[PDB]
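**Student:** this one's structure only:
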């Protein structure tokens, strides 16, 4: 178990060695970041069909990226989204150790577009910490909004 760092930036600037993005069984990061990532790295636009629970890395000549399957809680029950959330985090956590990373840019999922309505970043964070507690690497979390760097700082402070 390491520390936690927050950076307000974008996926298309997440030069942390490694990036995780949503992909789902469609291969495509739901929302809009698909466009930024394409605009700077069309090589990560693999958008292959992926399995359900499995994360697959994508091998962009511009940069290596990681693509993860997030369940849509909006049309998946708590039982299946619990598993799929931990399956994503297992694929990620195993990959982190397999590749022996010290620090990784991991965004926060299930936070509007997959969740639909309820599950939040506080929760996905909790589970992301649980998976990454299993390493003594570090965890670097972004989002371009600023309220999240405040709240994540506040909780990172209360986490001492």
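**Tutor:** Everything's here; your move. Residues are numbered from 1 along each chain as shown.
**Student:** okay, CA-based contacts and neighbour counts for the rest of this
**Tutor:** Will do.
**Student:** contact partners for residue 81?
**Tutor:** Going by Cα atoms under 8 Å, 6 or more residues apart in numbering, residue 81 touches 71-73.
**Student:** ok, 10 Å please
**Tutor:** Counting by Cα atoms under 10 Å, 6 or more residues apart in numbering, residue 81 touches 53, 70-75, 87, 110, 114-115.
**Student:** among those, who's most crowded?
**Tutor:** With neighbours defined as other Cα atoms under 10 Å, the most crowded of the contacts of residue 81 is residue 70; it has 28 neighbours.
**Student:** I'd like to know how far that residue sits from residue 29.
**Tutor:** Counting by Cα to Cα, to the nearest Å, the separation of residue 70 from residue 29 is 9 Å.
**Student:** identify the contacts common to these two.
**Tutor:** 21-23.
**Student:** which ones among these map onto helices?
**Tutor:** Members of the shared contacts of residue 70 and residue 29 lying in helices (criterion: DSSP state H): none.
**Student:** dump those residues to a markdown table, plus distance to residue 97 and neighbour count.
**Tutor:** Formatted as a markdown table, the shared contacts of residue 70 and residue 29 follow (distance: Cα to Cα, whole Å; neighbours: other Cα atoms under 10 Å):
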| residue | distance to residue 97 | neighbour count |
| --- | --- | --- |
| 21 | 18 | 26 |
| 22 | 20 | 26 |
| 23 | 21 | 23 |
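**Student:** tell me where the protein has helices.
**Tutor:** 33-40, 78-98, 121-133, 147-158.
**Student:** got these as TSV, with distance to residue 104 columns?
**Tutor:** Putting the helices of the chain into TSV (distance: least, Cα to Cα, whole Å) gives the following:
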stretch	distance to residue 104
helix 33-40	17
helix 78-98	8
helix 121-133	10
helix 147-158	17
